[PDB]
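Reproduced below: data_21.cif, with mmCIF, N, CA and C atoms.
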data_work
loop_
_atom_site.label_atom_id
_atom_site.label_comp_id
_atom_site.auth_asym_id
_atom_site.auth_seq_id
_atom_site.Cartn_x
_atom_site.Cartn_y
_atom_site.Cartn_z
N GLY A 1117 50.99 -48.00 -70.74
CA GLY A 1117 49.71 -47.46 -70.32
C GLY A 1117 49.45 -46.08 -70.89
N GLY A 1118 50.52 -45.31 -71.13
CA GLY A 1118 50.35 -43.99 -71.72
C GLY A 1118 49.99 -44.04 -73.19
N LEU A 1119 50.36 -45.13 -73.87
CA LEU A 1119 50.00 -45.28 -75.27
C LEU A 1119 48.53 -45.63 -75.43
N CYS A 1120 47.95 -46.29 -74.43
CA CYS A 1120 46.56 -46.74 -74.53
C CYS A 1120 45.59 -45.59 -74.29
N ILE A 1121 46.06 -44.50 -73.67
CA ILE A 1121 45.19 -43.35 -73.46
C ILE A 1121 44.97 -42.61 -74.78
N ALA A 1122 46.03 -42.49 -75.59
CA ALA A 1122 45.88 -41.91 -76.92
C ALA A 1122 45.12 -42.86 -77.84
N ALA A 1123 45.13 -44.16 -77.53
CA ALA A 1123 44.29 -45.11 -78.25
C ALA A 1123 42.84 -45.07 -77.76
N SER A 1124 42.55 -44.27 -76.73
CA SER A 1124 41.18 -44.15 -76.25
C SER A 1124 40.51 -42.89 -76.78
N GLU A 1125 41.31 -41.87 -77.11
CA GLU A 1125 40.74 -40.63 -77.64
C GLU A 1125 40.25 -40.83 -79.07
N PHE A 1126 41.05 -41.51 -79.90
CA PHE A 1126 40.55 -42.09 -81.13
C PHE A 1126 40.07 -43.51 -80.81
N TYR A 1127 39.53 -44.20 -81.83
CA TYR A 1127 39.07 -45.59 -81.76
C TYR A 1127 38.02 -45.79 -80.67
N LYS A 1128 36.91 -45.07 -80.79
CA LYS A 1128 35.87 -45.17 -79.79
C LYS A 1128 35.09 -46.48 -79.94
N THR A 1129 34.40 -46.84 -78.86
CA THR A 1129 33.52 -48.00 -78.67
C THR A 1129 34.35 -49.28 -78.75
N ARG A 1130 35.66 -49.22 -78.52
CA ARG A 1130 36.41 -50.45 -78.33
C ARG A 1130 36.12 -51.05 -76.96
N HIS A 1131 36.07 -50.20 -75.92
CA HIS A 1131 35.61 -50.52 -74.57
C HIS A 1131 36.43 -51.60 -73.88
N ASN A 1132 37.67 -51.80 -74.33
CA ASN A 1132 38.60 -52.68 -73.65
C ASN A 1132 39.93 -51.95 -73.54
N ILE A 1133 40.09 -50.90 -74.35
CA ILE A 1133 41.29 -50.08 -74.30
C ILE A 1133 41.35 -49.31 -72.99
N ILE A 1134 40.19 -48.87 -72.50
CA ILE A 1134 40.11 -48.29 -71.16
C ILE A 1134 40.43 -49.35 -70.11
N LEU A 1135 39.94 -50.57 -70.32
CA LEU A 1135 40.20 -51.65 -69.38
C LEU A 1135 41.65 -52.10 -69.47
N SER A 1136 42.25 -52.02 -70.66
CA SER A 1136 43.67 -52.32 -70.79
C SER A 1136 44.52 -51.22 -70.16
N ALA A 1137 44.05 -49.97 -70.24
CA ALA A 1137 44.83 -48.85 -69.72
C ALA A 1137 44.86 -48.86 -68.20
N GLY A 1138 43.69 -49.05 -67.57
CA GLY A 1138 43.58 -48.87 -66.13
C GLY A 1138 44.34 -49.91 -65.34
N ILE A 1139 44.45 -51.13 -65.87
CA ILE A 1139 45.22 -52.16 -65.19
C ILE A 1139 46.72 -51.92 -65.39
N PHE A 1140 47.09 -51.17 -66.42
CA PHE A 1140 48.51 -50.93 -66.67
C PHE A 1140 49.07 -49.86 -65.73
N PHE A 1141 48.25 -48.88 -65.36
CA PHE A 1141 48.69 -47.90 -64.37
C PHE A 1141 48.81 -48.52 -62.99
N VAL A 1142 47.96 -49.50 -62.68
CA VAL A 1142 48.00 -50.15 -61.38
C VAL A 1142 49.16 -51.13 -61.30
N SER A 1143 49.37 -51.91 -62.37
CA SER A 1143 50.46 -52.88 -62.38
C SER A 1143 51.82 -52.19 -62.42
N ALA A 1144 51.87 -50.95 -62.91
CA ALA A 1144 53.07 -50.14 -62.74
C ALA A 1144 53.27 -49.77 -61.28
N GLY A 1145 52.17 -49.58 -60.54
CA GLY A 1145 52.29 -49.25 -59.13
C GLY A 1145 52.75 -50.43 -58.29
N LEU A 1146 52.29 -51.64 -58.64
CA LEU A 1146 52.75 -52.84 -57.94
C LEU A 1146 54.19 -53.16 -58.31
N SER A 1147 54.62 -52.79 -59.52
CA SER A 1147 56.03 -52.91 -59.86
C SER A 1147 56.85 -51.84 -59.17
N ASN A 1148 56.21 -50.75 -58.76
CA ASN A 1148 56.93 -49.68 -58.07
C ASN A 1148 57.22 -50.06 -56.62
N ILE A 1149 56.21 -50.56 -55.89
CA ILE A 1149 56.41 -50.88 -54.48
C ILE A 1149 57.31 -52.10 -54.32
N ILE A 1150 57.27 -53.03 -55.28
CA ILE A 1150 58.22 -54.14 -55.23
C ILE A 1150 59.61 -53.64 -55.60
N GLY A 1151 59.70 -52.49 -56.27
CA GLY A 1151 61.00 -51.85 -56.44
C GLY A 1151 61.42 -51.08 -55.20
N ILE A 1152 60.45 -50.56 -54.45
CA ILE A 1152 60.75 -49.89 -53.19
C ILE A 1152 61.24 -50.89 -52.15
N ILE A 1153 60.61 -52.06 -52.10
CA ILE A 1153 60.87 -53.04 -51.05
C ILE A 1153 62.25 -53.67 -51.23
N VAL A 1154 62.61 -54.03 -52.46
CA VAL A 1154 63.93 -54.62 -52.69
C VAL A 1154 65.03 -53.58 -52.55
N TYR A 1155 64.67 -52.30 -52.69
CA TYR A 1155 65.66 -51.25 -52.50
C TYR A 1155 65.97 -51.05 -51.03
N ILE A 1156 64.94 -50.99 -50.18
CA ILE A 1156 65.14 -50.77 -48.75
C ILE A 1156 65.73 -52.02 -48.10
N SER A 1157 65.33 -53.20 -48.58
CA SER A 1157 65.84 -54.45 -48.01
C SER A 1157 67.32 -54.64 -48.29
N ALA A 1158 67.74 -54.42 -49.54
CA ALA A 1158 69.13 -54.67 -49.90
C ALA A 1158 70.03 -53.48 -49.55
N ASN A 1159 69.44 -52.37 -49.10
CA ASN A 1159 70.23 -51.24 -48.65
C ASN A 1159 70.88 -51.53 -47.31
N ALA A 1160 70.31 -52.46 -46.53
CA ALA A 1160 70.95 -52.88 -45.30
C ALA A 1160 72.20 -53.71 -45.58
N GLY A 1161 72.23 -54.38 -46.73
CA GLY A 1161 73.39 -55.15 -47.12
C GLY A 1161 74.50 -54.29 -47.71
N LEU B 748 116.24 -38.92 -25.39
CA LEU B 748 115.67 -37.62 -25.73
C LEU B 748 114.91 -37.68 -27.04
N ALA B 749 115.32 -38.58 -27.95
CA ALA B 749 114.66 -38.66 -29.25
C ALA B 749 113.30 -39.34 -29.14
N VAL B 750 113.17 -40.31 -28.23
CA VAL B 750 111.90 -41.00 -28.05
C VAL B 750 110.87 -40.06 -27.44
N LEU B 751 111.30 -39.25 -26.47
CA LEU B 751 110.39 -38.28 -25.87
C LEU B 751 110.05 -37.16 -26.84
N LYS B 752 110.95 -36.87 -27.78
CA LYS B 752 110.66 -35.83 -28.76
C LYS B 752 109.67 -36.32 -29.80
N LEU B 753 109.76 -37.59 -30.19
CA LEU B 753 108.87 -38.12 -31.22
C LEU B 753 107.45 -38.29 -30.70
N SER B 754 107.29 -38.51 -29.39
CA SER B 754 105.97 -38.81 -28.87
C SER B 754 105.12 -37.54 -28.75
N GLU B 755 105.72 -36.45 -28.27
CA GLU B 755 104.96 -35.22 -28.06
C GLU B 755 104.67 -34.48 -29.35
N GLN B 756 105.38 -34.77 -30.44
CA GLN B 756 105.07 -34.19 -31.74
C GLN B 756 104.07 -35.03 -32.52
N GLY B 757 103.54 -36.08 -31.90
CA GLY B 757 102.58 -36.95 -32.55
C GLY B 757 103.14 -37.78 -33.68
N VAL B 758 104.46 -37.94 -33.71
CA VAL B 758 105.08 -38.77 -34.74
C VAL B 758 104.79 -40.23 -34.47
N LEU B 759 104.89 -40.65 -33.20
CA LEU B 759 104.50 -42.00 -32.83
C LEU B 759 103.00 -42.20 -32.97
N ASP B 760 102.23 -41.12 -32.84
CA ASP B 760 100.81 -41.17 -33.20
C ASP B 760 100.64 -41.36 -34.71
N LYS B 761 101.43 -40.62 -35.50
CA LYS B 761 101.27 -40.66 -36.95
C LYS B 761 101.79 -41.96 -37.54
N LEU B 762 102.90 -42.48 -37.01
CA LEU B 762 103.44 -43.72 -37.53
C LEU B 762 102.60 -44.92 -37.11
N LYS B 763 101.83 -44.77 -36.03
CA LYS B 763 100.90 -45.82 -35.65
C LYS B 763 99.70 -45.86 -36.56
N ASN B 764 99.08 -44.70 -36.77
CA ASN B 764 97.85 -44.61 -37.56
C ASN B 764 98.09 -44.98 -39.02
N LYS B 765 99.33 -44.84 -39.49
CA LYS B 765 99.62 -45.14 -40.89
C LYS B 765 99.83 -46.63 -41.10
N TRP B 766 100.71 -47.25 -40.31
CA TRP B 766 101.11 -48.62 -40.59
C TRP B 766 100.01 -49.62 -40.24
N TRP B 767 99.25 -49.36 -39.19
CA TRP B 767 98.24 -50.34 -38.79
C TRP B 767 96.94 -50.17 -39.57
N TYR B 768 96.73 -49.00 -40.18
CA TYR B 768 95.43 -48.77 -40.80
C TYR B 768 95.51 -48.65 -42.32
N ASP B 769 96.55 -48.00 -42.85
CA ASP B 769 96.61 -47.84 -44.30
C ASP B 769 97.04 -49.13 -44.98
N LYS B 770 97.77 -49.97 -44.27
CA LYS B 770 97.99 -51.35 -44.70
C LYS B 770 96.93 -52.28 -44.12
N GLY B 771 95.76 -51.74 -43.82
CA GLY B 771 94.64 -52.43 -43.22
C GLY B 771 93.55 -52.74 -44.22
N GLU B 772 92.59 -51.81 -44.32
CA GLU B 772 91.39 -51.70 -45.16
C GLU B 772 90.33 -52.75 -44.85
N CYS B 773 90.53 -53.56 -43.81
CA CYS B 773 89.41 -54.28 -43.24
C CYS B 773 88.55 -53.32 -42.42
N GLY B 774 87.27 -53.63 -42.30
CA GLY B 774 86.37 -52.74 -41.59
C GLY B 774 86.48 -52.85 -40.08
N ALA B 775 86.31 -51.71 -39.41
CA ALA B 775 86.40 -51.62 -37.96
C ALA B 775 85.08 -51.13 -37.38
N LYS B 776 84.57 -51.89 -36.40
CA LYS B 776 83.29 -51.62 -35.71
C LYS B 776 82.13 -51.50 -36.70
N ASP B 777 82.04 -52.45 -37.63
CA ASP B 777 80.98 -52.41 -38.63
C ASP B 777 79.63 -52.77 -38.03
N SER B 778 79.64 -53.54 -36.94
CA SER B 778 78.40 -53.84 -36.23
C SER B 778 77.87 -52.60 -35.52
N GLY B 779 78.73 -51.95 -34.74
CA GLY B 779 78.33 -50.73 -34.05
C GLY B 779 77.43 -51.03 -32.87
N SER B 780 76.25 -50.42 -32.88
CA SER B 780 75.33 -50.56 -31.76
C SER B 780 74.68 -51.94 -31.76
N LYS B 781 74.36 -52.43 -30.56
CA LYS B 781 73.62 -53.68 -30.45
C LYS B 781 72.12 -53.45 -30.63
N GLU B 782 71.68 -52.20 -30.48
CA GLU B 782 70.28 -51.83 -30.69
C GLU B 782 69.99 -51.42 -32.13
N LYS B 783 70.86 -51.79 -33.07
CA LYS B 783 70.54 -51.57 -34.48
C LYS B 783 69.40 -52.48 -34.93
N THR B 784 69.27 -53.65 -34.31
CA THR B 784 68.22 -54.60 -34.60
C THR B 784 67.04 -54.47 -33.65
N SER B 785 66.99 -53.40 -32.85
CA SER B 785 65.83 -53.11 -32.01
C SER B 785 64.58 -52.87 -32.84
N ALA B 786 64.65 -51.92 -33.76
CA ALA B 786 63.56 -51.74 -34.71
C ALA B 786 63.56 -52.90 -35.70
N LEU B 787 62.43 -53.59 -35.79
CA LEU B 787 62.33 -54.80 -36.60
C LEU B 787 62.27 -54.34 -38.05
N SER B 788 63.44 -54.29 -38.68
CA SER B 788 63.61 -53.61 -39.96
C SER B 788 62.96 -54.39 -41.09
N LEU B 789 63.03 -53.81 -42.29
CA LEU B 789 62.27 -54.33 -43.42
C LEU B 789 62.83 -55.66 -43.92
N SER B 790 64.13 -55.89 -43.72
CA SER B 790 64.75 -57.12 -44.22
C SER B 790 64.31 -58.34 -43.41
N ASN B 791 63.75 -58.12 -42.22
CA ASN B 791 63.21 -59.22 -41.44
C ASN B 791 61.90 -59.74 -41.99
N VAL B 792 61.04 -58.86 -42.50
CA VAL B 792 59.69 -59.25 -42.90
C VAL B 792 59.43 -58.87 -44.35
N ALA B 793 60.49 -58.84 -45.17
CA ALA B 793 60.30 -58.50 -46.58
C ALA B 793 59.63 -59.62 -47.35
N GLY B 794 59.67 -60.84 -46.83
CA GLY B 794 59.05 -61.96 -47.53
C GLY B 794 57.54 -61.88 -47.53
N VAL B 795 56.97 -61.30 -46.48
CA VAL B 795 55.52 -61.15 -46.40
C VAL B 795 55.04 -60.18 -47.47
N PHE B 796 55.83 -59.15 -47.75
CA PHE B 796 55.54 -58.25 -48.85
C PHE B 796 55.72 -58.95 -50.19
N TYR B 797 56.63 -59.91 -50.27
CA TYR B 797 56.80 -60.68 -51.50
C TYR B 797 55.61 -61.61 -51.70
N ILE B 798 55.02 -62.09 -50.61
CA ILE B 798 53.78 -62.84 -50.70
C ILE B 798 52.63 -61.91 -51.05
N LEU B 799 52.69 -60.67 -50.57
CA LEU B 799 51.58 -59.74 -50.77
C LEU B 799 51.49 -59.25 -52.21
N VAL B 800 52.62 -58.83 -52.78
CA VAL B 800 52.62 -58.40 -54.17
C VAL B 800 52.43 -59.60 -55.09
N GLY B 801 53.00 -60.74 -54.72
CA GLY B 801 52.71 -61.97 -55.42
C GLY B 801 51.27 -62.42 -55.23
N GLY B 802 50.64 -62.00 -54.13
CA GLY B 802 49.24 -62.31 -53.94
C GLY B 802 48.32 -61.44 -54.78
N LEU B 803 48.65 -60.15 -54.91
CA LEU B 803 47.84 -59.27 -55.74
C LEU B 803 47.99 -59.60 -57.21
N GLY B 804 49.23 -59.82 -57.66
CA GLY B 804 49.47 -60.08 -59.07
C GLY B 804 48.92 -61.41 -59.51
N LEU B 805 48.84 -62.37 -58.59
CA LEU B 805 48.12 -63.61 -58.88
C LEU B 805 46.63 -63.35 -59.03
N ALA B 806 46.09 -62.42 -58.24
CA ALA B 806 44.66 -62.14 -58.30
C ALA B 806 44.30 -61.39 -59.57
N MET B 807 45.19 -60.51 -60.05
CA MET B 807 44.91 -59.77 -61.28
C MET B 807 44.93 -60.69 -62.49
N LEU B 808 45.83 -61.68 -62.49
CA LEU B 808 45.92 -62.59 -63.63
C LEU B 808 44.77 -63.60 -63.64
N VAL B 809 44.11 -63.80 -62.49
CA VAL B 809 42.95 -64.69 -62.47
C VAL B 809 41.68 -63.89 -62.73
N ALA B 810 41.64 -62.63 -62.29
CA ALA B 810 40.47 -61.79 -62.55
C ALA B 810 40.33 -61.46 -64.03
N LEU B 811 41.46 -61.29 -64.73
CA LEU B 811 41.40 -61.00 -66.16
C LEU B 811 40.95 -62.21 -66.96
N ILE B 812 41.35 -63.41 -66.56
CA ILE B 812 40.98 -64.58 -67.36
C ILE B 812 39.58 -65.07 -66.99
N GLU B 813 39.06 -64.64 -65.84
CA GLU B 813 37.63 -64.81 -65.61
C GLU B 813 36.83 -63.87 -66.50
N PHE B 814 37.39 -62.69 -66.77
CA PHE B 814 36.70 -61.68 -67.57
C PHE B 814 36.53 -62.12 -69.02
N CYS B 815 37.56 -62.73 -69.60
CA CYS B 815 37.42 -63.26 -70.95
C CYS B 815 36.55 -64.52 -70.94
N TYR B 816 36.55 -65.25 -69.83
CA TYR B 816 35.71 -66.44 -69.72
C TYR B 816 34.24 -66.06 -69.60
N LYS B 817 33.93 -64.92 -68.99
CA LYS B 817 32.58 -64.39 -69.07
C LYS B 817 32.28 -63.89 -70.48
N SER B 818 33.28 -63.30 -71.14
CA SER B 818 33.07 -62.79 -72.50
C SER B 818 33.00 -63.93 -73.51
N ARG B 819 33.51 -65.11 -73.15
CA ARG B 819 33.32 -66.27 -74.01
C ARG B 819 31.89 -66.78 -73.92
N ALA B 820 31.32 -66.80 -72.72
CA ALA B 820 29.96 -67.28 -72.52
C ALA B 820 28.93 -66.24 -72.95
N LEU B 1002 30.67 -76.29 -65.20
CA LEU B 1002 30.52 -77.73 -65.08
C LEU B 1002 30.30 -78.33 -66.46
N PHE B 1003 30.91 -79.49 -66.72
CA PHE B 1003 30.92 -80.02 -68.08
C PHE B 1003 29.91 -81.14 -68.28
N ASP B 1004 29.88 -82.13 -67.39
CA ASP B 1004 29.04 -83.30 -67.65
C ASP B 1004 28.64 -83.97 -66.34
N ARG B 1005 27.83 -85.03 -66.41
CA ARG B 1005 27.40 -85.78 -65.23
C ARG B 1005 27.99 -87.19 -65.22
N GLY B 1006 28.10 -87.83 -66.38
CA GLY B 1006 28.75 -89.13 -66.43
C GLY B 1006 30.26 -89.03 -66.44
N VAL B 1007 30.79 -87.89 -66.91
CA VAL B 1007 32.23 -87.73 -67.04
C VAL B 1007 32.80 -87.00 -65.82
N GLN B 1008 31.94 -86.31 -65.06
CA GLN B 1008 32.38 -85.86 -63.74
C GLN B 1008 32.52 -87.04 -62.79
N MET B 1009 31.80 -88.13 -63.07
CA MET B 1009 32.08 -89.39 -62.42
C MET B 1009 33.44 -89.92 -62.85
N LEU B 1010 33.81 -89.71 -64.12
CA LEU B 1010 35.10 -90.19 -64.61
C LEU B 1010 36.25 -89.43 -63.95
N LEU B 1011 36.02 -88.18 -63.56
CA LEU B 1011 37.03 -87.46 -62.79
C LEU B 1011 37.15 -88.03 -61.38
N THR B 1012 36.07 -88.62 -60.87
CA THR B 1012 36.12 -89.28 -59.57
C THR B 1012 36.79 -90.65 -59.67
N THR B 1013 36.49 -91.41 -60.74
CA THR B 1013 37.04 -92.76 -60.88
C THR B 1013 38.55 -92.74 -61.10
N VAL B 1014 39.03 -91.78 -61.90
CA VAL B 1014 40.47 -91.65 -62.14
C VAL B 1014 41.18 -91.24 -60.86
N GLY B 1015 40.63 -90.25 -60.15
CA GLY B 1015 41.26 -89.78 -58.92
C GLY B 1015 41.20 -90.79 -57.79
N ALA B 1016 40.18 -91.65 -57.80
CA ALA B 1016 40.11 -92.71 -56.79
C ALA B 1016 41.17 -93.77 -57.04
N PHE B 1017 41.38 -94.13 -58.31
CA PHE B 1017 42.42 -95.09 -58.65
C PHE B 1017 43.81 -94.49 -58.46
N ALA B 1018 43.92 -93.17 -58.64
CA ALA B 1018 45.20 -92.50 -58.43
C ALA B 1018 45.54 -92.45 -56.95
#
Could you render the structure as structure tokens?
Amino acid sequence: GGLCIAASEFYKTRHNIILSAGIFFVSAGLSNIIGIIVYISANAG
Amino acid sequence: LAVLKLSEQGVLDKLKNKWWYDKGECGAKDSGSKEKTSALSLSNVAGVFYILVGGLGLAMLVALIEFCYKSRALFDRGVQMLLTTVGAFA
């Protein structure tokens, strides 16, 4: 997702690079909480 | 006199703690409190979160392919009957 932001400063009027970027920051967040959940769950074990 | 001397110097304490425990290494009182399961911890309901993140990620993968399907733009009337005839025979 960080590479797509530098692809947005150049290469204007692509108008999907912003759409590719914004879902990548969110899907990193969903990968984060699923990393939080398996950490707290298996910490009891 | 030797037995009474060994007990008050904690030698019988020391020889007990060594032989029964250092040749042990199994866990002792690992359960502990019975109220450890009072708070309904995360391992009890972690599957609902697995449905939840699996629910969101399923929605993102369907929202994106609707988006290209809008960017690409019911099939028929006699052949939607054919979808009924095949499924009826099935």
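Straight-line separation from atom CA of residue 785 of chain B to atom CA of residue 1147 of chain A: 29.5 Å.
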I'd like the contact shell of residue 1156 of chain A - 10 Å cut-off, only C-alpha atoms, skipping same-chain residues fewer than 5 positions apart - returned as a compact mmCIF listing (two decimals) with N, CA and C atoms, keeping the file's coordinate frame.
# COMPACT_ATOMS: atom_id res chain seq x y z
N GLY A 1151 59.70 -52.49 -56.27
CA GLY A 1151 61.00 -51.85 -56.44
C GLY A 1151 61.42 -51.08 -55.20
N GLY A 1161 72.23 -54.38 -46.73
CA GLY A 1161 73.39 -55.15 -47.12
C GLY A 1161 74.50 -54.29 -47.71
N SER B 788 63.44 -54.29 -38.68
CA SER B 788 63.61 -53.61 -39.96
C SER B 788 62.96 -54.39 -41.09
N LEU B 789 63.03 -53.81 -42.29
CA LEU B 789 62.27 -54.33 -43.42
C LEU B 789 62.83 -55.66 -43.92
N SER B 790 64.13 -55.89 -43.72
CA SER B 790 64.75 -57.12 -44.22
C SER B 790 64.31 -58.34 -43.41
N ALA B 793 60.49 -58.84 -45.17
CA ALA B 793 60.30 -58.50 -46.58
C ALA B 793 59.63 -59.62 -47.35
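Distance-wise, atom CA of residue 820 of chain B and atom CA of residue 1131 of chain A end up 17.8 Å apart.
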- [ ] Compute the chain B side of the contact with chain A at 10 Å, counting only C-alpha atoms, and hand it back as a ChimeraX atom specification.
- [x] /B:788-794,796-797,799-801,803-804,807,811
Task: Which of chain A fall in helix (DSSP H, G or I), as JSON, numbers by chain - done: {"A": [1118, 1119, 1120, 1121, 1122, 1123, 1124, 1125, 1133, 1134, 1135, 1136, 1137, 1138, 1139, 1140, 1141, 1142, 1143, 1144, 1145, 1146, 1147, 1148, 1149, 1150, 1151, 1152, 1153, 1154, 1155, 1156, 1157, 1158, 1159]}
Just the selected residues (N, CA and C atoms), exported as an mmCIF file, in the frame of the given file, please.
data_model
loop_
_atom_site.group_PDB
_atom_site.id
_atom_site.type_symbol
_atom_site.label_atom_id
_atom_site.label_comp_id
_atom_site.auth_asym_id
_atom_site.auth_seq_id
_atom_site.Cartn_x
_atom_site.Cartn_y
_atom_site.Cartn_z
ATOM 1 N N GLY A 1118 50.520 -45.310 -71.130
ATOM 2 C CA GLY A 1118 50.350 -43.990 -71.720
ATOM 3 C C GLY A 1118 49.990 -44.040 -73.190
ATOM 4 N N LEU A 1119 50.360 -45.130 -73.870
ATOM 5 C CA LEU A 1119 50.000 -45.280 -75.270
ATOM 6 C C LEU A 1119 48.530 -45.630 -75.430
ATOM 7 N N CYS A 1120 47.950 -46.290 -74.430
ATOM 8 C CA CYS A 1120 46.560 -46.740 -74.530
ATOM 9 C C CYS A 1120 45.590 -45.590 -74.290
ATOM 10 N N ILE A 1121 46.060 -44.500 -73.670
ATOM 11 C CA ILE A 1121 45.190 -43.350 -73.460
ATOM 12 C C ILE A 1121 44.970 -42.610 -74.780
ATOM 13 N N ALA A 1122 46.030 -42.490 -75.590
ATOM 14 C CA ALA A 1122 45.880 -41.910 -76.920
ATOM 15 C C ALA A 1122 45.120 -42.860 -77.840
ATOM 16 N N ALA A 1123 45.130 -44.160 -77.530
ATOM 17 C CA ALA A 1123 44.290 -45.110 -78.250
ATOM 18 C C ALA A 1123 42.840 -45.070 -77.760
ATOM 19 N N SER A 1124 42.550 -44.270 -76.730
ATOM 20 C CA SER A 1124 41.180 -44.150 -76.250
ATOM 21 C C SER A 1124 40.510 -42.890 -76.780
ATOM 22 N N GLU A 1125 41.310 -41.870 -77.110
ATOM 23 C CA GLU A 1125 40.740 -40.630 -77.640
ATOM 24 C C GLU A 1125 40.250 -40.830 -79.070
ATOM 25 N N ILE A 1133 40.090 -50.900 -74.350
ATOM 26 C CA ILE A 1133 41.290 -50.080 -74.300
ATOM 27 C C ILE A 1133 41.350 -49.310 -72.990
ATOM 28 N N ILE A 1134 40.190 -48.870 -72.500
ATOM 29 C CA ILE A 1134 40.110 -48.290 -71.160
ATOM 30 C C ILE A 1134 40.430 -49.350 -70.110
ATOM 31 N N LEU A 1135 39.940 -50.570 -70.320
ATOM 32 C CA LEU A 1135 40.200 -51.650 -69.380
ATOM 33 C C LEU A 1135 41.650 -52.100 -69.470
ATOM 34 N N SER A 1136 42.250 -52.020 -70.660
ATOM 35 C CA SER A 1136 43.670 -52.320 -70.790
ATOM 36 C C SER A 1136 44.520 -51.220 -70.160
ATOM 37 N N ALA A 1137 44.050 -49.970 -70.240
ATOM 38 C CA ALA A 1137 44.830 -48.850 -69.720
ATOM 39 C C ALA A 1137 44.860 -48.860 -68.200
ATOM 40 N N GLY A 1138 43.690 -49.050 -67.570
ATOM 41 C CA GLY A 1138 43.580 -48.870 -66.130
ATOM 42 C C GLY A 1138 44.340 -49.910 -65.340
ATOM 43 N N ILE A 1139 44.450 -51.130 -65.870
ATOM 44 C CA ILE A 1139 45.220 -52.160 -65.190
ATOM 45 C C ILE A 1139 46.720 -51.920 -65.390
ATOM 46 N N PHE A 1140 47.090 -51.170 -66.420
ATOM 47 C CA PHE A 1140 48.510 -50.930 -66.670
ATOM 48 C C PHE A 1140 49.070 -49.860 -65.730
ATOM 49 N N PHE A 1141 48.250 -48.880 -65.360
ATOM 50 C CA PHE A 1141 48.690 -47.900 -64.370
ATOM 51 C C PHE A 1141 48.810 -48.520 -62.990
ATOM 52 N N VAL A 1142 47.960 -49.500 -62.680
ATOM 53 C CA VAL A 1142 48.000 -50.150 -61.380
ATOM 54 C C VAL A 1142 49.160 -51.130 -61.300
ATOM 55 N N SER A 1143 49.370 -51.910 -62.370
ATOM 56 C CA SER A 1143 50.460 -52.880 -62.380
ATOM 57 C C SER A 1143 51.820 -52.190 -62.420
ATOM 58 N N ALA A 1144 51.870 -50.950 -62.910
ATOM 59 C CA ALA A 1144 53.070 -50.140 -62.740
ATOM 60 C C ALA A 1144 53.270 -49.770 -61.280
ATOM 61 N N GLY A 1145 52.170 -49.580 -60.540
ATOM 62 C CA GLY A 1145 52.290 -49.250 -59.130
ATOM 63 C C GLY A 1145 52.750 -50.430 -58.290
ATOM 64 N N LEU A 1146 52.290 -51.640 -58.640
ATOM 65 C CA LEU A 1146 52.750 -52.840 -57.940
ATOM 66 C C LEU A 1146 54.190 -53.160 -58.310
ATOM 67 N N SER A 1147 54.620 -52.790 -59.520
ATOM 68 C CA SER A 1147 56.030 -52.910 -59.860
ATOM 69 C C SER A 1147 56.850 -51.840 -59.170
ATOM 70 N N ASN A 1148 56.210 -50.750 -58.760
ATOM 71 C CA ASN A 1148 56.930 -49.680 -58.070
ATOM 72 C C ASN A 1148 57.220 -50.060 -56.620
ATOM 73 N N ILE A 1149 56.210 -50.560 -55.890
ATOM 74 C CA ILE A 1149 56.410 -50.880 -54.480
ATOM 75 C C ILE A 1149 57.310 -52.100 -54.320
ATOM 76 N N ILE A 1150 57.270 -53.030 -55.280
ATOM 77 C CA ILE A 1150 58.220 -54.140 -55.230
ATOM 78 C C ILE A 1150 59.610 -53.640 -55.600
ATOM 79 N N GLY A 1151 59.700 -52.490 -56.270
ATOM 80 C CA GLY A 1151 61.000 -51.850 -56.440
ATOM 81 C C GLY A 1151 61.420 -51.080 -55.200
ATOM 82 N N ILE A 1152 60.450 -50.560 -54.450
ATOM 83 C CA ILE A 1152 60.750 -49.890 -53.190
ATOM 84 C C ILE A 1152 61.240 -50.890 -52.150
ATOM 85 N N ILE A 1153 60.610 -52.060 -52.100
ATOM 86 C CA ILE A 1153 60.870 -53.040 -51.050
ATOM 87 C C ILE A 1153 62.250 -53.670 -51.230
ATOM 88 N N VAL A 1154 62.610 -54.030 -52.460
ATOM 89 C CA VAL A 1154 63.930 -54.620 -52.690
ATOM 90 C C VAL A 1154 65.030 -53.580 -52.550
ATOM 91 N N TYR A 1155 64.670 -52.300 -52.690
ATOM 92 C CA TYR A 1155 65.660 -51.250 -52.500
ATOM 93 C C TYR A 1155 65.970 -51.050 -51.030
ATOM 94 N N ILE A 1156 64.940 -50.990 -50.180
ATOM 95 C CA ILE A 1156 65.140 -50.770 -48.750
ATOM 96 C C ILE A 1156 65.730 -52.020 -48.100
ATOM 97 N N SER A 1157 65.330 -53.200 -48.580
ATOM 98 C CA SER A 1157 65.840 -54.450 -48.010
ATOM 99 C C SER A 1157 67.320 -54.640 -48.290
ATOM 100 N N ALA A 1158 67.740 -54.420 -49.540
ATOM 101 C CA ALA A 1158 69.130 -54.670 -49.900
ATOM 102 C C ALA A 1158 70.030 -53.480 -49.550
ATOM 103 N N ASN A 1159 69.440 -52.370 -49.100
ATOM 104 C CA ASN A 1159 70.230 -51.240 -48.650
ATOM 105 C C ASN A 1159 70.880 -51.530 -47.310
#
- [ ] Mind checking which residues fall within 12 Å of residue 1141 of chain A, counting only C-alpha atoms, ignoring those fewer than 5 positions away in the same chain, and posting them as number ranges by chain?
- [x] A: 1117-1121, 1134-1136, 1146-1148
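Our summary of the geometry notes that atom CA of residue 1155 of chain A is positioned 15.4 Å from atom CA of residue 795 of chain B.
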